[PDB]
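First the structure, in the form of structure tokens, and then the observations on it.
Protein chains: 2
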Amino acid sequence: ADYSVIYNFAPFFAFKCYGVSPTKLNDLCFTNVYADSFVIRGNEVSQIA
Amino acid sequence: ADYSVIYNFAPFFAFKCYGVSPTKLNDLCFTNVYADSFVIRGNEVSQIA
Ligand SMILES: *[C@@H]1O[C@H](CO)[C@@H](O)[C@H](O)[C@H]1NC(C)=O
């Protein structure tokens, strides 16, 4: 997993991580990763938390 | 030093201060001030910390 290339795919501003830090994702080793994708409204982004 | 005129020079939103507060900068008296200027990408601003 190379998390330093994600910035080259989408025009977002910054991550928002809860249990870890965005800069420390290149050192830890996990068991499985899951990715969920969808489209919502502008003011409903704060509800994903 | 008058830090209330800085808002009239650049179209930024707000300060981001770490050791002090932006509203209390008119009272303290320092020894020297340094200013560094450059241009970076949009998503690399969060790395200046
Ligand atoms: C720096 O500040 C103004 C904005 O108030 C800018 O338009 C201009 O390039 C500079 N000021 C002058 C007098 O040139």
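Chains A and C, in that order, are what the protein sequence lines are.
Plus 358 on top of the position in the first sequence (first one is 1) and you've got the entry's author numbering.
Plus 358 on top of the position in the second sequence (first one is 1) and you've got the entry's author numbering.
A virtual CB, placed ideally from N, CA and C, is assigned to each residue, including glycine.
On the premise that residue j lies in contact with residue i, defined as a C-beta separation below 8 Å, what is that separation, rounded to the nearest angstrom?
| i | j | result |
| --- | --- | --- |
| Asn401 (chain C) | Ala372 (chain A) | 6 Å |
| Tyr361 (chain A) | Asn384 (chain A) | 6 Å |
Please go through the same chain and pick out, in chain order, the residues whose beta-carbon is closer than 8 Å to the beta-carbon of residue i, but skip the five residues on each side of it.
| i | result |
| --- | --- |
| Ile406 (chain C) | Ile398 |
| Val391 (chain C) | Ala359 |
| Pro380 (chain A) | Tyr361, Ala372, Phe373 |
| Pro369 (chain C) | none |
Just to confirm, does residue i get its C-beta within under 7 Å of one of the non-hydrogen atoms of ligand 2?
| i | result |
| --- | --- |
| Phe367 (chain C) | With respect to ligand 2, the structure offers nothing, as its ligand set consists of ligand 1. |
Within a Cβ cutoff of 7 Å, which residues of the same chain sit near residue i, ignoring the five residues on either side of it in sequence?
| i | result |
| --- | --- |
| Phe396 (chain C) | none |
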